[PDB]
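What follows is each chain in one-letter form.
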Amino acid sequence: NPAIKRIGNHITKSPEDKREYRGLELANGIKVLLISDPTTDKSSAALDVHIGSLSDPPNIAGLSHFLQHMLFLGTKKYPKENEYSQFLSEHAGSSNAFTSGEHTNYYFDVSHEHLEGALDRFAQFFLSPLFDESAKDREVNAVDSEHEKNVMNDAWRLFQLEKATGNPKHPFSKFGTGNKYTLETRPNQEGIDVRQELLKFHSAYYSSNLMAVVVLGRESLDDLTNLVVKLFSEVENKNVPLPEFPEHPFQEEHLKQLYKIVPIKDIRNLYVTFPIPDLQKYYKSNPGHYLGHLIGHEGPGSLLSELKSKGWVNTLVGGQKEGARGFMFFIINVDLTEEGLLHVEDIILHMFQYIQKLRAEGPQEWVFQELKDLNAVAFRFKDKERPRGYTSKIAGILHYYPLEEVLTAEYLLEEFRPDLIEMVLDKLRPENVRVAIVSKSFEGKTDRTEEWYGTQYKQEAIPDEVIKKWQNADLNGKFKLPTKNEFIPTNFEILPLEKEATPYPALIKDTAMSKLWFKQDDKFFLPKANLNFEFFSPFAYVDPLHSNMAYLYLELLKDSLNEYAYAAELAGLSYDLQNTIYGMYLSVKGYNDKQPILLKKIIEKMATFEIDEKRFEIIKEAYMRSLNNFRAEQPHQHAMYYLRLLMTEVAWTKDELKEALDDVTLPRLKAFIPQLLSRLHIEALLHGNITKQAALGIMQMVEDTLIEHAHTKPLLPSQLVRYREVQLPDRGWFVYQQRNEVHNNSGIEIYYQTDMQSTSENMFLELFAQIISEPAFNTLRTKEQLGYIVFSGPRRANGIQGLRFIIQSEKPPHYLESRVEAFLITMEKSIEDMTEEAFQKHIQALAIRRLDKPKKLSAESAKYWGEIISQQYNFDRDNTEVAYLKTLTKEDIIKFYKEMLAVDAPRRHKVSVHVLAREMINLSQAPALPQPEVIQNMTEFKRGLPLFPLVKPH
Ligand SMILES: [Zn+2]
């Protein structure tokens, strides 16, 4: 075969991985991985081009990102602007892409029966894209919103600020997103033909030698091979040299520098950065991760422990951070308490003290050995990935590793390299340090402005006196290396499937205190389990004050277990613990071996909790800011939030919570906890590598612990009250209007309430949503370009449902309203004009999506958990609902549109949330809308309306 340059030897995989693999290099240089999974419901492909933003023309920032957007909008073989989206949508698929500095990564999934058609359309992106003039003029606005959305976001600002403070000559300094100015206005002004620059760029850099492809399907490896050779060997090889960046963006003049930065949110952070060489080639020893593991440790003896005890920091991140081919960074990032903010010099001294400890002890093979063993176990028992993410991830790493090692390369450690460890450790020195402090206290004291985001900051030399103090850091006896991790699992035995084992969770305990749902894993056979618990107390959400206290309690509890639980975390045993409107939620996930130990500790801790006053005051202060910082969330997020407040029976606002927070004292909190625990109901799902007897024991152990230490008594069934959704009146339209003070975009959510969830009402809604899904995106974004964010689909809450539209835009909400209304009328015509085959395609597409099997335990657990917390308990829901779905007709959907959704629908139930921005033809005809009732007060609104029933259990 002349189209294939070489075929891969065995691709190393986990012995638990039933998927089949073959690696190839095509004659044109494309590295390929083929994955055969005859069980998969969705097939997938991805292609990664080893070119990105760092290669943008200096005079056209964002070109490669723009290019990425434009490949979706038509090729020579498939010139219809949305043929790709529409094909994927009509075949249960989805696509996306991303542009980073050195990569452009495209990926899709689709129903397994339609891989070839999806893959063919896809391949044309890399052969002959149209870069249509009309589409270019429109899509540039979507890139502009993407950017607009990021501008007042603290992370993006910091991201670009770093680039702005290094060598300006370095490609690292480039603005990667682009916007209307960089991609249209300035280029027109400078006489540039952007369509030619896209063609020029595609031609020069989209070369086969820089591409890697991954394809996953039901087909055999042989069949997948022919397929890929067929569609991809015509991609042209231009032998483009791979861009490299051997010169660090941070040279001498950029070291021993301090940056004082004003955030948008009220946050307090410190970023310590060291420039380091490119460690990528050392992947078999991974010295930077060895050091990140230690410097970032959260257990006893760690840097974070001492910083916490001193009341200076709460969280810490440490380790290596990617740059590009040629350079990397090493970082230590902490948040700051109000004291911490006054002690940055000391915090940083402690950092250099801990680093000095590492020099003193030298490289530790036992530490390396441990990281190795953990990674080995993690790889062996890796959860089976969803195809779309998997092809994308592997396509990226086909560029860095031999074909035979792509699956293992990022997991298995091979080499102990004390030499490389000392080499990197030698870079972590004060003379090589960069320091950034983010705090509102710098407000008004800054003299520089980063140009792309507007970030206010100040730059100073770190004084030599301060550098010297850091350089002479003695050994602090508070810092000890971590000890052996006792949570490392050793028992991976898969218990044989019991005789009375069930396909769905079975109710195996139904007492006044406990409802225990159980299922032994019959699918995945990895030594793991998920243990989920809902704790109900009417006292977790009875008022704002108690809602605050439930939160602080659990935050305090997690803060207190952190040192102990960290070992468990590294050993693949994690837990999740948060307060809810009904109670408390606890999830323990991971290797089942040491699980009961961690679970017992959490419950013991809950029931015998002693609060540290210093920890209390600090966490309370952070929570204060956290509530306040909601003002800086995105407009569309505000819209969703306000709607959730409006449609739920009981809901405390951020203002209400914040106001009540000043009244939370230590005495009150101490009194609250035993009250909260005094009466409970526990509903649990125990699912995985466990038996009925172990499950009964785990459950009973949780109860017995609560009973012994907290004297927990049962709740009454009548107390187990779920909240209802507000029942909107026939033909009603309500508008609630608010302003976002931070962002200069508007947000809108439109909710067309339909009826109670129900087999029939569920599938009417879901099928209509399926049909309008792609056209809504194509119409409201691609054509009309209202915003980057355009979403439509079902909304489900409290047993009720309806259709929702969410948009974030530069246009005012009342304008968005008419365009969404104009769009609905178009869909009605579209359903009338659509063929029977086209209609059945949509039924078939939704069917595939609903019946898509979970590939890992947690995904299956999640399905059940939904059935359980919604109190609907409909475990066979998918087969049932798909069967009903298949009997539906074009006529049925049209009747449902006319009765519930159309503008003059007799049972239209419409509520709109308008979030105004900070400073506030060729188009289809929008219908005239009625005068809306403007909601002035959320409480009056709820009082004046009925409440829906709750859904009856299955
Ligand atoms: Zn984008």
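- In its metadata, the entry names X-ray crystallography as the structure determination method and reports 2.705 Å as the resolution.

Side note on the UniProt feature "short sequence motif: SlyX motif" in the protein chain
Turning to step 1, where the next piece is worked out: UniProt annotation of "short sequence motif: SlyX motif" refers to residues 810-815 when read in the numbering used here.
Turning to step 2, where the next piece is worked out: For the annotated span residues 810-815, helix accounts for 50% and strand for 0% of the residues, and the straight-line distance between the end C-alpha atoms is 10 Å.

Some thoughts on the coordination of the zinc ion
Turning to step 1, where the next piece is worked out: In the first shell of the zinc ion, the protein supplies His65 (NE2), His69 (NE2), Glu146 (OE) and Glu146 (OE), at 2.0 to 2.8 Å from the metal.
Turning to step 2, where the next piece is worked out: The site at the zinc ion holds 4 donor atoms, and with the angles between them running 53 to 152 degrees, its shape is irregular.

Regarding the sheet that holds strand β25 (residues 800-809)
Turning to step 1, where the next piece is worked out: Strand order in this open sheet of 6 strands is β24-β25-β23-β26-β22-β27, and the pairing throughout is mixed. Looking at the sheet topology across the chains shown, the edges are occupied by β24 (789-797) and β27 (933-934).
Turning to step 2, where the next piece is worked out: Pairing between strand β23 (residues 746-756) and strand β26 (residues 909-916): 6 bridges, direction antiparallel. Within β26, the position partnered with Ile750 by the bridge is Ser912.

A short note on the packing of aromatic side chains
Turning to step 1, where the next piece is worked out: Using the criterion set out here, one finds 55 aromatic pairs in the structure.
Turning to step 2, where the next piece is worked out: Here the aromatic rings of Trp517 and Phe875 are separated by 5.5 Å at their centres, their planes lie at 80 degrees, and the arrangement is edge-to-face. Of this pair, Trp517 sits in strand β16 (residues 514-520) while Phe875 sits in the loop between α27 (857-869) and α28 (877-885), placing them 358 residues apart in sequence. Take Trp517 and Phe875: they sit in the same class, and that class is buried.
Turning to step 3, where the next piece is worked out: Residues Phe805 and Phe823 carry aromatic rings whose centres are separated by 6.2 Å and whose planes lie at 75 degrees to one another, so their mutual orientation is edge-to-face. Of this pair, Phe805 sits in strand β25 while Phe823 sits in helix α25 (residues 813-833), and the two are 18 residues apart along the sequence.

Considering the nonpolar core
Generally speaking, a soluble globular protein has its nonpolar side chains buried in company with each other.
Turning to step 1, where the next piece is worked out: The biggest cluster of nonpolar side chains holds 63 residues, and the ones touching the most others in it are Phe533, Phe535, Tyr553, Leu586 and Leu599.
Turning to step 2, where the next piece is worked out: Of the residues forming this core, the biggest block, 11 residues, is contributed by helix α17 (residues 544-570).
Turning to step 3, where the next piece is worked out: Discounting chain neighbours no more than four positions away, the residues touching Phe533 are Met584, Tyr585, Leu586, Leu599, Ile682, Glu683, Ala684, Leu686, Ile698, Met699, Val702 and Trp865.
Turning to step 4, where the next piece is worked out: Core analysis: the next-biggest nonpolar cluster, separate from the first, contains 56 residues, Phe66, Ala118, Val143 and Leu231 among them.

Notes on the pairing of strand β14 (residues 456-461)
Turning to step 1, where the next piece is worked out: Taken together, the 5 bridges between strand β8 (residues 257-261) and β14 define a ladder with antiparallel strand orientation. The partner of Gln257 across the bridge, within β14, is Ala461.
Turning to step 2, where the next piece is worked out: As paired elements, strand β13 (residues 448-449) and β14 share 2 bridges and run antiparallel to each other. Bridge assignment links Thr449 to a residue of β14, and that residue is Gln456.
Turning to step 3, where the next piece is worked out: Following β13, the chain reverses through 6 residues before pairing antiparallel with β14; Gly454 in that reversal takes a positive phi of roughly 90 degrees.

A closer look at a negative patch on the surface
Turning to step 1, where the next piece is worked out: Together, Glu656, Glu659, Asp662 and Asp663 make up a region of like negative charge exposed at the surface.
Turning to step 2, where the next piece is worked out: By secondary structure assignment, the location of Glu659 is in helix α21 (residues 654-661).

Section: the sheet that holds strand β10 (residues 316-324)
Turning to step 1, where the next piece is worked out: Sheet architecture is open: 7 strands sit in the order β10-β11-β9-β12-β8-β14-β13, paired in mixed fashion. Both outer strands of the open sheet, β10 and β13, are each paired with one neighbouring strand and no more.
Turning to step 2, where the next piece is worked out: Here β8 pairs with strand β12 (residues 434-438) via 5 bridges, running parallel. If you follow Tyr259 over to β12, its bridge partner there is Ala436.
Turning to step 3, where the next piece is worked out: Packing against the sheet, helix α12 (residues 344-361) makes contact with β9 (269-276), β11 (327-335) and β12, and its axis sits at approximately 40 degrees to β9.

Examining the environment of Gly319
Turning to step 1, where the next piece is worked out: Here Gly319 is to be found in strand β10.
Turning to step 2, where the next piece is worked out: The spatial distance from the C-alpha of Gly319 to the C-alpha of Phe535 is 37 Å, given a sequence separation of 216 residues.

Points about the side chain of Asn179
Turning to step 1, where the next piece is worked out: Examined against the element boundaries, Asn179 turns out to sit in the loop between α5 (154-164) and α6 (180-189).
Turning to step 2, where the next piece is worked out: With near-sequence residues (within four places) excluded, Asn179 lies in contact with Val140, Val143, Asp144, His147, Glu184 and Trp452.

Here we look at unusual backbone geometry
Turning to step 1, where the next piece is worked out: With a phi close to 70 degrees, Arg731 is a non-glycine residue in the positive phi region.
Turning to step 2, where the next piece is worked out: Within the secondary structure, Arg731 is located in the loop between β21 (713-714) and β22 (732-739).
Turning to step 3, where the next piece is worked out: The phi dihedral of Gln785 is positive, around 50 degrees, even though this residue is not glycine.

Comments concerning the domain arrangement of the protein chain
Quoted interface sizes are often the accessible area lost when the parts come together.
Turning to step 1, where the next piece is worked out: Partitioning the protein chain into domains gives domain 1 (1-242), domain 2 (243-472), domain 3 (499-725) and domain 4 (726-954).
Turning to step 2, where the next piece is worked out: A separation of 30 Å is found between the C-alpha centroids of domain 1 and domain 2.
Turning to step 3, where the next piece is worked out: Taking both sides of the interface into account, the surface hidden between domain 1 and domain 2 amounts to around 5100 Å²; carbon and sulfur atoms contribute 64%.
Turning to step 4, where the next piece is worked out: In this assembly, domain 1 and domain 2 are joined by 4 salt bridges.
Turning to step 5, where the next piece is worked out: Sort the elements by how many residues they give to the side of domain 1 that touches domain 2 and α5 lands first, with 8 residues.
Turning to step 6, where the next piece is worked out: Looking at the side of domain 1 that touches domain 2 residue by residue, the classes come out as 33 nonpolar, 25 polar and 15 charged.

Calculation rules
Residues numbered from 1 in each chain as written, not as in the entry; some residues may be left out. Heavy atoms only, no water. Residues with missing side-chain atoms left out of burial classes, pairs and counts. UniProt positions renumbered as here; feature names shortened; annotations may be inferred. Helix = DSSP H or I, 4+ residues; strand = E, 2+ residues; numbered from the N terminus. Donors = N, O, S within 2.8 Å, 3.2 Å for Na, K, Ca; no water. Tetrahedral: all angles 85-135°; square planar, octahedral: opposite > 155°, others 65-115°. Pairing = 2+ DSSP bridges. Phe/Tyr/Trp six-rings, centres within 6.5 Å; stacked < 30°, edge-to-face > 60°. Buried < 20%, exposed > 50% of the residue type's maximum accessible area, 1.4 Å probe, protein only. Core = buried A, V, L, I, M, F, W, Y, C linked by side-chain atoms within 4.5 Å. Contact = heavy atoms within 4.5 Å. Patch = residues over 30% accessible without salt bridge, like charges linked within 9 Å, V, L, I, M, F, W, Y side chains within 5 Å. Areas by Shrake-Rupley, 256 points an atom, 1.4 Å probe, with all protein chains shown as cover. Salt bridge = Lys/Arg side-chain N within 4 Å of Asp/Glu carboxyl O. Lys, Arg positive; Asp, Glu negative; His and termini not counted. Charge placed at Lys NZ, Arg CZ, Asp CG, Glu CD. Axes fitted to C-alpha atoms, helices over the stretch in contact; angles between N-to-C directions. Domains from an automatic or database assignment. Buried area = accessible area lost by both parts, 1.4 Å probe. Nonpolar A, V, L, I, M, F, W, Y, C, P; charged D, E, K, R; others polar.

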